[PDB]
């Protein structure tokens, strides 16, 4: 039932971590704590409460649960990345996304907070915020239709798959998004290690609001 309120307060479980991760706090005024409900080998259940004001265009944080227990492999060598997210947001009158964040790198010892590539999956978008880059496609994946956004620079390309209306109860295989990137956008799966897998929320402004993640899970399975 632990409380993570400091800027970088974290919990390290056997399989999952939880991070308050107020990385952009200097960008505005407010407050945010993240709370472990429970963590097991099967899943993690948590919530985060926040109020942020100022610099409407700057992300203030990315509180997240994180899969700690997986081997870094080339994306081409990953058979499946099954994941589930069951969540709700108590106050929708905010500017925020609710999103998976993944990074890949050719360098297996790359910092895990960025990469050569970034894949985000926005399960929920509140307020007229948009991913990095521009929308370049639409795709049907995991039984839903996504706007496919792409942008960044040479040092990091970000693919964002964006749900129109919130998917508060999600199950899918993240590898299908990688496949989409590989088959349709030339993503170099066989020379990029999956180095990070998180789920959480990027607040811009609004609140108080609470994101409750009653259940989150992921694993990275080899063939």
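Positions refer to the first chain, counted from 1.
Averaged over CA atoms, B-factors in the entry run higher in 71 to 79 than in the other of 138 to 146 and 71 to 79. With 59 to 67 and 39 to 47 compared on mean CA B-factor from the PDB entry, the stretch scoring higher is 39 to 47. Per the PDB record, residue ranking by Cα B-factor puts residue 95 in the lowest third of the chain. Placement of the Cα temperature factor of residue 13 within the chain: highest third of the modelled residues, per the deposited record. Residue-level temperature factors show residue 176 in the middle third of its chain, judged at the C-alpha atom. In the deposited entry, the Cα temperature factor of residue 156 sits in the top third of values across the chain's modelled residues. Sort the modelled residues of the chain by CA B factor and residue 54 lands in the highest third.
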